[PDB]
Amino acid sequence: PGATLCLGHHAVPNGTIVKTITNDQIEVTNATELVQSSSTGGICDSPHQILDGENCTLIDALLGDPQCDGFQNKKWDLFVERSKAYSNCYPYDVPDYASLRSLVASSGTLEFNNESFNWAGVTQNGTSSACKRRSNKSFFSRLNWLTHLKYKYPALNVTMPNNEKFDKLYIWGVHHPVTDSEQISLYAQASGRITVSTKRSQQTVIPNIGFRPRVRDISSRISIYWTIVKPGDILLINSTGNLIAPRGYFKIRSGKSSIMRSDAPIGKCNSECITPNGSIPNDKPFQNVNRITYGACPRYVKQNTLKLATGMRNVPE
């Protein structure tokens, strides 16, 4: 009689379909998904330091809009900008807005140090009804609106040395009056000119008198500029009118900080990978949630599923 001895292998009743080099559909005993396609829907507050902008853009928090005073000197790994944010101060623009937003976002700090600028012979601390704090007229917290003192605006020629070990970031501006009479009334002379320089760089800005459409009832504008001053260099501001003056400087750091546009709620939880849709797990190598990411994240791909076989071909009975 003898015996029979058969060699074989397992199979399962519920196999899974994968792709190969020779066949788009072959059933294997088991597989694992390599594309992360879902989010929790919230941004976990840990382990990255999250700063929710709430009503404030980063730039409004920088300048010191009245809704943004709670942001002073705060730091972040990720600043989260909300689509509902809006300005509630004097109407302004920033030539190169994207670059200023980016460099501050990347620096990851709003640390500000006041300095004693000698604004000899002018009126300081100008305010406006378009920028209220607690119903009083106010202005951007970090800027100083200078105007005539007894119908004189003597030329400004003011120095601030950087004897620090770090770079200083200065934010300053130019006021564009609506009319010639408004120019004379604020600055006591027909036009201004502003030259802000260091040993390595110079910027000159000319105010442009005229009507723009009213925003918070104001037809004039402020245009915002910035200047970085290296250790051992010197800031020189030379102006005859229209200067929106700095009150001091911001620290610039380098590191891992960034900014993200999202309306996802912030939650008490821990997740390394952030997207605008919310935090996502980062076990998988790929993800199709969002091209926009921050942290230790899977790589964005177009596929919504990629199954890796983790078993042999399934050959059911």
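Heads up: residue numbers just count along the shown sequence, starting at 1.
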When the C-alpha temperature factors are averaged for each of 97-105 and 216-224, which stretch ends up with the higher value in the entry? 216-224
Got a sec? Mean C-alpha B-factor, which is higher, 188-196 or 73-81? 188-196
Using the temperature factors in the entry, find which of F140, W172, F166, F112 has the highest value at its Cα atom. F166
Where the record places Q67 (Cα B-factor, split into thirds across the chain): highest
Assigned third (lowest, middle, highest) for the C-alpha B factor of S279: lowest
Third of the chain's Cα B-factor distribution that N55 belongs to, per the entry: middle
Comparing against every modelled residue in the chain, figure out the third that the C-alpha B-factor of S38 lands in (lowest, middle or highest). middle
Chain thirds by Cα B factor, record data; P1 belongs to the highest
